[PDB]
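Each chain gets a letter, A, B, C, D, E, F, G, H and I, in the order it is written, and its residues are counted from 1.
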Amino acid sequence: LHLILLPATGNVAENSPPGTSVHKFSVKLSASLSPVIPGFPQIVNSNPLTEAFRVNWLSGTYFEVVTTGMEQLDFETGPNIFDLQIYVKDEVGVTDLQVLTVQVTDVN
Amino acid sequence: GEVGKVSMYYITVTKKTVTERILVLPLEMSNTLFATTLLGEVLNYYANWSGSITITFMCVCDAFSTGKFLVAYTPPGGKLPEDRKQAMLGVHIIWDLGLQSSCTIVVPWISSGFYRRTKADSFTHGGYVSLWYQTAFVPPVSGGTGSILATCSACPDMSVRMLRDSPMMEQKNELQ
Amino acid sequence: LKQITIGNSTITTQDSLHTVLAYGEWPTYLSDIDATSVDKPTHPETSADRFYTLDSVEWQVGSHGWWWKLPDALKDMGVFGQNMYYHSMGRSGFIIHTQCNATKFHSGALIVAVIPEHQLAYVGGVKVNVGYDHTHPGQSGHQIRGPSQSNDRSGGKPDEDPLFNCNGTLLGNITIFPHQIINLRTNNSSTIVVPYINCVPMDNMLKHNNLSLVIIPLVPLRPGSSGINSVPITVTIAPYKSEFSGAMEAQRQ
Amino acid sequence: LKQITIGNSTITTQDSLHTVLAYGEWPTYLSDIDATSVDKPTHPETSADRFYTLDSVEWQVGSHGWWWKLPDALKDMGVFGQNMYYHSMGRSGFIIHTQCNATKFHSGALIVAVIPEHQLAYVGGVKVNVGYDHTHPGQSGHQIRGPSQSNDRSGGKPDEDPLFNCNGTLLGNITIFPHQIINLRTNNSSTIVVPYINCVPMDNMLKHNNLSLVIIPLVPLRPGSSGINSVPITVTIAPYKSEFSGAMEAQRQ
Amino acid sequence: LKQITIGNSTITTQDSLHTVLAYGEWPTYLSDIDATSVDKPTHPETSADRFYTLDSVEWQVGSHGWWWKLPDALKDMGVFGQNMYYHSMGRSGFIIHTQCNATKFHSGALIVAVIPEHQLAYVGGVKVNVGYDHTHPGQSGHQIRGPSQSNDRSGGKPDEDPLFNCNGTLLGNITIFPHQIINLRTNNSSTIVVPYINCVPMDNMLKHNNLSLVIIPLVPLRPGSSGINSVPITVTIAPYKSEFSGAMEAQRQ
Amino acid sequence: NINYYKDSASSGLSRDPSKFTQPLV
Amino acid sequence: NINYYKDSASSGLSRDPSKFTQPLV
Amino acid sequence: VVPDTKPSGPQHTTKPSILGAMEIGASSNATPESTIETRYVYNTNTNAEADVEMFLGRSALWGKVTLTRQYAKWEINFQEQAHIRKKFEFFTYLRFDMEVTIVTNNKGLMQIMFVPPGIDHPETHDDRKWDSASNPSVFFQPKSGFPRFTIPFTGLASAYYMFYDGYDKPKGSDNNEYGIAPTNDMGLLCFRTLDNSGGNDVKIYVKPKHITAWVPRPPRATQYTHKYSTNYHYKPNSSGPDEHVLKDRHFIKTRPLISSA
Amino acid sequence: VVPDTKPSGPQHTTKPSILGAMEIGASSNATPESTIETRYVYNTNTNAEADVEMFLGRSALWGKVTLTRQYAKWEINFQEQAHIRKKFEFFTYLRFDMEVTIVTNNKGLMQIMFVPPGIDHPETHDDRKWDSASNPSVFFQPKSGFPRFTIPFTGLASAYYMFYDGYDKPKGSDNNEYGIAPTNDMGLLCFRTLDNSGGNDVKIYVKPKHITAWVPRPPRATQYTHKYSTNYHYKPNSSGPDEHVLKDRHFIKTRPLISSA
């Protein structure tokens, strides 16, 4: 398994709505065509700790990291940069952990 | 996504259990990895080149993150390794992280002919440079990260010949 | 451990690298074999050649960079600025000390380059020369503010993209210039000693900016376990072997 | 700071101790005063004498240890392994570099010993010779898996107790052997250079295992304030002054 | 009477001619004035430089010929083959001993030539490159199987005509190449010592076949008064001064 | 090596790395 | 014998059988 | 020539010749003798096609013109053609004499007039300012020969500015000119035909010789938009209502996945 | 010069200088002094027209092209013309500088551009890639002179491969290329006319000089079928239903009866 386009940097606005987009990635299916386990890809760890980055599933094998709004991004206070790690894992099971560095811009 | 941004110059590493291939640089002066550097945009003016490459990896992380990486150069004619046991059989170095962030692998001049073509083909391909986890990357937190950059240059024994046009320049409109 | 003393000032450091001497040459005085103007140039030598520290800029997350033109940044800094405003010509070497220190819990990098003749690109579109006011911002510098299609184009604004060095040439090839990297893991400071680089012996210090110090956050500032999300960067520039000739009225308004 | 280069490979370290030279002797070639077989031995000297890195083992909590027999571990590692399978006899010195680095927040120790002729005990009970397959595990090594009364005894399994060094002699007296300790407070690596130790000049590299690298977690791995509970240990073994004689068909199946 | 010993092997003959030394030069090692790659090449010198005897081919009536590419034929022959599969480049001289003996009642001839760069023709027709599998048959060689309009053309088959040397140049002019004739009236063997012939110092031993030993039944095998209608031909090839550089993973599948 | 025009500009084509790659003190 | 272009490739045409016909030992 | 490869055996050193530091702004001294075990190799290779006199002295096309009514006018600059402009913008200051070869497909009798700066050029053919006493002029027939003349270094400085971070006028001015536009003008070449026969295309091939390059710069990684301007935001469509969008026109290609190439 | 004939009287020897053996792979040492009674003959004859520099250095035609729309393109190879290809395939490796003379019947102003390997050639006349800063280009008028330039030895080896028994790619590949096609490319020459007047035929006469021939080969006894391919089964008719027959096209003539010629 591979995570397409993840070693990467996303960008969220400061006061972003719950449901906004912060990076669009994909997964190449390891030449055996064994699909992804439907709970996965997840976010195991974040760098300081973080909720509200939930990985969503777009139409197909393409996914997306989406702020769910359980935690507000407040740039005038901290923290402003997160390093979530995204954990795809397929049906037979060959995992791939890849980092999405998420920055927070300043809305002013 | 990262081209057009400053974040195309580094990759992000983490603490993993199993060894993963982190980065592959194919040793081509026509590949966009090398051809946009100083060494590559000089060597793209010349149809042939002969010499050794220096590639220096720097890990930007905090002062407590340590790690060992295997930087292997597969010589020409060999497949891209896809296993660390297949990569350690080539020209490799193993660098620790502490008190200095940089380490240089000298990609030596291993070739059948006397000169290698700049526009890479299968007859004179230069091989591959691959970065591996030797033992890990262990940061002071569980989800901590490091940012590995890379620079390239020429060794003193590097030569070029057959000065040609550069493919790194276009002109489609008229400059008025 | 390092110490740099130019008169009435002193720079001290603890975790510092080798000082970069730009193109292997120290700042010198203009020799009689290389001079064109006939009058005797002035030599302040102790009140102009001294460490002037500019305003601190804040390295936050999402900061794309800063640049200071030289000798434009020292135009209101002391008797160097007064001698620049009162003379027709001038030449000067520089000793640029850049300071940013955070912790052993922070991450980040700063490529600190000194570009001779940084002819900045226009912010985009039509054939418009960039403004005098926008390439001469003083000691405040110019926060690079990042590329966007929605950037203001009113009146010859300079380019805002740090990747193309705001003149079209790629960052990462910026290491052909006299540079140092402030990696917070290993060092905290960067000293660059630049001679007078121009194809002319002396020129007008207000019209022409010879050097341009450029600081780019190559890797962003991770705070780590520590609640400090932004660390100041201070730039301390000292003229060295500065001379001026052709004294005249003050060129102000 | 240290650097060990044997051809087509290079070991580099930052926080490293003195290299241990086993019994004060460097690996040499077989002299004509100490040789028995008449034919000229081969000397690969650049493609066999190189750093082969085995698979990484995971130092968790509750890991009792690992061992790799030599030159059994390099049996499928390159032209050293190919020359071992194609020759009747062989001798080789070794340069064993063990790497484990965690942090300044981790605790732990690793006694990394090189035992000549580690005749392993049976896993327990009746007079049963231990198996060929269990003392020749390749580059994967053998996780020591701890003592228990419920250990499998099917087919000459080796002993699983790290305290008795899996041959009945006490750990802690293992420092009579060429060893180093990887204490994560002070160092992260351990280099041991072993000559050819045998009472015979050359022997069959598949039947006889001369050395046996043994790594024991003396003190467990405390993670400290950091969520990393397990750190990999990588073993990089390089043959040195390896020679082989009596060429023949490949001794595989 | 003749004897050729290269280590761990020995060739002996009774009715043998002068040994042919190809182009007057012995196989040598690559000098430092003629080398391009920087790393130190390996030198097996006793386990690769030895007489490897390939499979025997049967000289019947109607046999048009056989050819073995070199160093392709020794790709699974011992540590020479193992060093070829594990290295990026290699050069080697060869000592080719061809053996065919029948009787004083048999008749026949065998032109045994060594062709440098035997670029074989396609078996016929359209612009199609010949296959990798058909010009690399291993130690089994390629029975030439005679010209016909009904020969298989599937997948870049090589040319099957021995008269045009399967590249368009006439047989009988094949004596410009290092050759010997095995005329069963006078001799039974033919030894040809070839140096490394290439316009490059070392190349990949799997992609490029430098030499090509070609044996053609010039005059057919008459049995005479004796009921033996077919006599085996054995080819014993020894590398000589073989060296390899640029060690890497095995280039197999 | 003749100068056919008796001028220095009229001639043909005429004929250390360490100022870069090591600009240290 | 003058070289009018000051180059070795720019010149004109430049100027034992026993490796063949007797390649014996 | 380049240095030969020195032999290196196995080394067990405590000063690593391969752990450096990128932060000091100095490149590595690392040769292949540090990393592997090398052999001696006689290196006869040269970089004599890579020095500035051979890198730049090639006779690039600097400008094209087309005779409209027996008349063309070209101001001498390396700025209309991107391939020679990139090679010149490798450096900051360049001091070079230039020889100027005119390749015209006109058949007949042509005149070039090198008008030095500070005077009125002839605005047409048959103009009175073609009859000049001191302006250097070249008459030639394009059949049987190409014309060629060396313009020496006319600089007003020790070198030409490839880049200028300054302005020609003080702060209060309004027609200020950024860049290298006021710092140096190499005159202009005025072309006319005294016959009518052939074509109209005039190509000006200029070769820099006796070159001295003074401060290295990054090679340009974007296509040029204007001249004397160093911009790189190309505004492709002026008419349609996607007008204020700006392409980048760089040469960095993308790969589908790192650690798979 | 060739050796003189030595005088030889009647000889009654026991070591015959005329009984040899063909099987040893060595040719005979037999001179006419062995077989007959010779006289002294001063031989001033030379073989100075038979050495490789005089055998190959003659300026053979290597390729023809025809300008279609003011444009031609020829990749440099000795493979289209059989008479120079046979003389080169006398040998295995050849190291030679080559001078290239262009014989065109076009009247006007032509341009040759030697495009070195690894870049895009101009795909037409009036293309932007004719305006190049570093590609070596030749402008000439074909009336009053033929153009000529020496391309030195551009080899990536010590010699050119006339024959290559190898492939450019490893065993698992599918687009493998047998022969000398990947081993060396001598660039290409791009022709264009800046006028329109004359003809379209461009002939490229290439003379190998400073030649060093390295391994002798049999001269080819069959006609060539393709290039870079060394085939010789000519497939004459593709349409009709005798299609899969293959002529041989050799030069061995037959006589009606041996021992009667």
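The rule we apply is simple: contacts are C-beta pairs under 8 Å (C-beta built on N, C-alpha and C of every residue); 3 or more make two chains touch, one makes a residue touch a chain.
Enquirer: From the Cα centroids, identify the chain that ends up most central relative to all protein Cα atoms.
Expert: B
Enquirer: What chain lies farthest away from subunit E once each centre is taken as the mean of the Cα atoms?
Expert: Result for the farthest chain: C.
Enquirer: Which chain has its C-alpha centre farthest away from the C-alpha centre of subunit G?
Expert: With centres defined by C-alpha atoms, farthest from subunit G sits A.
Enquirer: For subunit A and subunit C, let me know how many angstrom lie between their CA-based centres, rounded off.
Expert: Result: the chain centres lie 39 Å from each other.
Enquirer: Could you grab the centroid distance between subunit D and subunit F? Build each centroid from C-alpha atoms only and quote it in angstrom.
Expert: Computed from C-alpha means, the inter-chain centre distance equals 60 Å.
Enquirer: State, to the nearest whole Å, the distance from the C-alpha centre of subunit C to the C-alpha centre of subunit D.
Expert: The separation of the two C-alpha centroids amounts to 56 Å.
Enquirer: Give the residues of subunit E that touch two or more other chains, as numbers and ranges in rising order.
Expert: Residues 18, 20, 23, 36-41, 86, 176, 178, 200, 203, 206-207, 245, 247, 251.
Enquirer: In subunit H, which residues are in touch with two or more of the other chains?
Expert: Residues 5, 18-19, 21-27, 32, 34-38, 54, 58, 81, 83, 86, 216, 218-221, 224, 226, 250, 252, 258, 260 of subunit H each touch two or more of the other chains.
Enquirer: So which stretches of subunit G touch two or more other chains?
Expert: Within subunit G, residues 20, 23-24 contact more than one other chain.
Enquirer: Over in the complex, which subunit E residues touch subunit B? Could you list them?
Expert: Interface residues on the subunit E side: 36-39, 86, 88-89, 200-204, 206-207, 245-249, 251.
Enquirer: What residues of subunit B sit close enough to touch subunit H in their complex?
Expert: Residues of subunit B touching subunit H: 3-4, 8, 11, 20-26, 31-33, 35-36, 38, 41-42, 45-46, 50-52, 54, 56, 58, 80, 91, 93, 95, 100-106, 108-109, 114, 128, 130-131, 149, 151, 153, 155-163, 165-166, 168-176.
Enquirer: Show which residues of subunit H lie in contact with subunit C when the two form their complex.
Expert: It is residues 21-26, 89, 92-93, 95, 157-173, 176-180, 214-222, 224, 226, 229-233, 235, 244-246, 250, 252 of subunit H that touch subunit C.
Enquirer: What residues on subunit B touch subunit C, complex-wise?
Expert: Counting only subunit B, the residues touching subunit C are 4-6, 9-10, 36-38, 41, 58-65, 99-101, 140-141, 144-147, 149, 151.
Enquirer: If you look only at subunit C, which of its residues touch subunit H in the complex?
Expert: Its residues touching subunit H are 17-18, 20, 23, 69, 116-127, 129-133, 135-136, 149, 156, 159, 164-165, 167-170, 173-183, 186-187, 190, 192, 197, 199-200, 203, 206-210, 212, 251, 253.
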